[PDB]
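S.K.: Before we start, here is the structure in question, set down as structure tokens.
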Amino acid sequence: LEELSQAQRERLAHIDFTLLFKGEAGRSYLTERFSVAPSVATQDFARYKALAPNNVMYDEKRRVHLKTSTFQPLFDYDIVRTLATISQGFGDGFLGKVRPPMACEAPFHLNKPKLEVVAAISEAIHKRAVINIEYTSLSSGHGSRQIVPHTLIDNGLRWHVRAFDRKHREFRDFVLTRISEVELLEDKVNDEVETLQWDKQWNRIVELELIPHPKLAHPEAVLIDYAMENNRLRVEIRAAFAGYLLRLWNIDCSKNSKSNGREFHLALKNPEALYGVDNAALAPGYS
Amino acid sequence: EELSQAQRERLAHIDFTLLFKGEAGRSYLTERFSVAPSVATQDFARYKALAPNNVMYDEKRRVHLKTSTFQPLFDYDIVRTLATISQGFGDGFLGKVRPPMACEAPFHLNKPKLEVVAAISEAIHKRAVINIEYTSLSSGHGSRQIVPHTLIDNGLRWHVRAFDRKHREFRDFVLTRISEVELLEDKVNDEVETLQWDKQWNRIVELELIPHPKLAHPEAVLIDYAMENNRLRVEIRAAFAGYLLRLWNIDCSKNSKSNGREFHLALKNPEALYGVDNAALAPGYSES
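In order, the protein sequence lines correspond to chains A and B.
So the first sequence is numbered by the UniProt record's numbering: it starts at 20 and just counts up by one.
So the second sequence is numbered by the UniProt record's numbering: it starts at 21 and just counts up by one.
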């Protein structure tokens with residue numbers, strides 16, 4: 020299996036995937052996905068049958084290979100990336116719009132940042148550069164400022180950049196869809212103030228204990244849902260994320276689990292862990 | 021367009037690297053594509069020919085540089101591209117991948133089991149009935165037959181939209197609470213159990229989102245959500261409305277007067293939620 024070309028492993032994995040997620044796989048799946056010759060696809064299936072003979076049985080009528088009752092995946096899957104592929108499409112995205120390969124929807128996306136804005140911030144992070152941006156903030160409206168970006172973030176809802184803000188001299192999030200212009204500058208980065216190692220809220224990890232909400236009649240449903248152990252799920256997140264994510268995850272973070280207005284499945288067992296976390300007040304019910 | 025698919029892919033990876041880093045060298049192509057070192061030069065030459073005003077080789081740095089006049093050679097799927105830079109380069113079928121840059125996506129908790137998602141996807145593809153074990157919030161553990169038709173990545177969990185034969189209704193099942201899946205040979209009643217009869221699924225609700233009225237700077241929300249005429253029109257399946265309005269933190273109360281949650285957006289027309297099952301999950305929504 021490891022003697023093969025990268026291209027050959029990718030096409031084998033696509034056979035594995037198609038058998039696992041559809042009932043079946045034929046030469047047309049490989050020629051559509053990879054634009055290989057039909058004769059190449061035939062060799063692919065032969066390599067697959069040789070590597071996993073008990074995974075596939077051939078159907079002579081329709082000329083498709085069928086998933087058996089004893090199927091075991093030939094490869095390990097990145098589950099996050101695999102779920103992105105079935106809900107988005109098969110490429111890396113660089114060759115135009117793609118579409119999901121199955122009846123799968125992901126309706127939670129609203130608008131995305133502009134390609135050029137994300138690319139420019141990404142470039143500045145890679146080059147360790149200062150950038151001038153225009154930014155329209157909720158707190159003060161439109162303006163300009165210099166920032167020293169260090170990380171791009173897909174948070175639940177929007178994209179933001181974690182950066183040192185030279186306007187107010189603090190590390191801060193900037194929502195990418197509110198960045199209007201990006202200009203790479205030659206100004207020097209102060210590696211004693213402005214770089215990632217000084218970002219305390221970024222570098223502080225908070226250890227959260229999530230438990231089934233006490234009001235639930237069937238907490239065992241939540242134990243299975245979140246793959247909990249010892250009645251809890253331990254999650255470690257950067258303090259700079261805690262507010263965003265606790266609200267996004269709809270976690271009851273009130274002391275007694277009685278401040279609600281919502282329909283919580285999870286409660287934060289140890290709200291003490293949010294002490295000193297900038298923007299913990301975004302977490303539902305946190306006081 | 022006259023090139024092989026493998027060659028167009030290598031040209032798109034050059035375009036991406038120049039766009040997202042300042043630069044691109046042969047090592048990026050051999051790492052990503054495992055082509056011979058001599059193949060990468062062929063790629064950059066092909067790229068230089070197709071877009072000469074985008075690149076500028078530096079002999080000392082041994083690297084091709086993005087010019088000030090760069091315009092991407094390809095169109096990008098923005099959702100999938102943002103996924104790739106926050107997840108990694110494969111399709112995911114060859115093992116764990118890692119982001120190609122300083123980019124984090126910290127909102128994922130656990131995912132459904134590979135075999136469970138695959139079994140449901142297979143049943144949807146074959147238009148089959150499945151027996152599942154399911155642990156519900158209302159009744160705990162049990163088993164039932166369901167007729168799945170669509171897989172959903174909602175904001176928070178994955179679910180399958182299906183006809184539930186236990187209570188004879190269309191319904192969501194969270195994939196992480198499905199423990200066993202068994203494909204059946206049982207016949208589907210295409211007059212009761214298929215997608216066309218799923219009313220909440222087929223009903224599209226037309227939401228008008230506006231900057232929240234309590235904001236001092238609504239102009240920040242206007243650029244954020246790319247609004248026009250001070251509103252964003254969003255069309256979603258009724259079966260999604262509750263989930264998504266909560267996930268998006270949209271104020272859906274009649275007279276606002278709701279800012280204990282720091283909303284950036286308000287639902288201008290909560291009348292559009294009447295008769296939507298689980299509208300109650302929408303922040304501040306009150307019908308009766």
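Positions of the beta carbon are idealized from the N, C-alpha and C atoms, including for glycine.
#1: Any C-beta of chain B sitting closer than 8 Å to the C-beta of A/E248?
#2: Can you check which of these residues, A/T196, A/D218, A/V194, A/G160, is closest to A/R188 by C-alpha distance?
#3: In chain order, which continuous runs of the beta strand (DSSP E) of length 3 or greater are located wholly inside the UniProt domain "WYL" (135-203) of chain B?
#4: Since A/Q25 meets chain B, which of its residues come closer than 8 Å, beta carbon to beta carbon?
#5: With a cut-off of 8 Å, does the C-beta of A/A122 fall near any C-beta of chain B?
#6: Could you please give the first and the last residue of the uninterrupted beta strand (DSSP E) stretch that includes B/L227?
#7: Please return the same chain residues whose Cβ sits closer than 6 Å to the Cβ of B/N298, not counting the five positions on each side in sequence.
#8: My understanding is that B/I152 touches B/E200, with C-beta atoms under 8 Å, so please give their C-beta distance in whole angstroms.
#9: How about A/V194 and A/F183: are their beta carbons less than 8 Å apart?
#10: Could you check if A/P92 belongs to the surroundings of the ligand SAH, using beta carbon to heavy atom distance under 7 Å?
#11: Please report whether the beta-carbon of B/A32 lies at a distance below 8 Å from any beta-carbon of chain A.
#12: Alpha carbon to alpha carbon, how far is B/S308 from A/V75?
#13: What is the rounded straight-line gap between the Cα of B/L242 and the Cα of B/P231?
#14: Beta carbons nearer than 7 Å to chain A: which residues of the stretch 231-246 of chain B have them?
#15: Below 8 Å, how does it come out for the stretch 55-75 of chain B and the stretch 94-110 of chain B: are there three or more Cβ pairs, yes or no?
#16: Quick one: is A/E248 buried, meaning 16 or more other Cβ sit within 10 Å of its Cβ, or exposed?
#17: Could you compute how far the alpha carbon of B/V296 sits from the alpha carbon of B/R191?
#18: Which term fits A/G160, buried or exposed, when burial requires 16 or more other beta carbons within 10 angstroms of its beta carbon?
#19: Using a beta-carbon distance below 8 Å, is B/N289 in contact with chain A?
#20: Does A/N269 get closer than 8 Å to chain B when you measure Cβ to Cβ?
#21: Of all the beta strand (DSSP E) runs that stay within the bounds of the stretch 72-137 of chain B, which reach a length of 3 or more residues?
#22: Per DSSP, which one or two residues make a beta bridge with B/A44?
#23: When you compare the CB of B/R100 with every CB in chain A, is at least one pair closer than 8 Å?
#24: Assuming A/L204 and A/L267 form a contact by the criterion Cβ under 8 Å, report the distance between their Cβ atoms to the nearest whole angstrom.
#25: Can you pull the chain B neighbours of A/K68, defined as C-beta to C-beta under 9 Å?
#26: Starting from B/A286, trace the beta strand (DSSP E) both ways and give me its first and last residue.
#27: Identify the continuous beta strand (DSSP E) that holds A/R253 and give its terminal residues.
#28: For the pair the stretch 33-50 of chain A and the stretch 140-152 of chain B, tell me if three or more CB-CB distances fall below 8 Å.
#29: Touch check for the stretch 87-98 of chain B and the stretch 112-121 of chain A: three-plus C-beta pairs under 8 Å?
#30: On a CA-only basis, which of B/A138, B/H179, B/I256 is nearest A/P126? Give me that one, please.
#31: Keeping to the same chain, check which residues put their C-beta closer than 6 Å to that of A/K186; ignore five residues upstream and five downstream.
#32: Report yes or no: is there a C-beta of chain B within less than 8 Å of the C-beta of A/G295?
#33: Report all residues from its chain with a CB closer than 8 Å to the CB of A/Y245; omit the five preceding and five following residues, and keep chain order.
#34: Tell me, to the nearest whole angstrom, how far the beta carbon of A/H169 is from that of A/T214; I am working on the premise that it is less than 8 Å.
#35: Please classify A/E213: does DSSP put it in a helix, a strand, or coil?
#36: Per DSSP, B/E248 forms a beta bridge with which residues?
M.R.: Quick answer:
#1: no
#2: A/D218
#3: 150-156, 160-173, 178-184, 189-194, 198-203
#4: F53, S54
#5: Chain B contact via Cβ: present.
#6: 224-231
#7: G262.
#8: Confirmed, about 7 Å.
#9: With a cutoff of 8 Å on beta-carbon distance, A/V194 and A/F183 are scored as not near each other.
#10: No copy of the ligand SAH occurs in the structure displayed, which carries no ligand at all.
#11: yes
#12: Roughly 56 Å between the two C-alpha positions.
#13: 7 Å
#14: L235, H237, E239, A240, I243, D244, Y245, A246
#15: no
#16: That one is exposed.
#17: 13 Å
#18: exposed
#19: no
#20: yes
#21: 83-85
#22: B/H84
#23: yes
#24: About 33 Å; that fails the 8 Å criterion.
#25: Simply none; closest approach about 18 Å.
#26: Per DSSP, B/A286 belongs to the beta strand (DSSP E) from 285-287.
#27: 252-257
#28: They touch, by the three-pair rule.
#29: yes
#30: With distances taken between Cα atoms, A/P126 lies closest to B/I256.
#31: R164
#32: no
#33: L229, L252, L285
#34: So it is a contact: roughly 7 Å between Cβ atoms.
#35: Three-state result, A/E213: coil.
#36: B/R251
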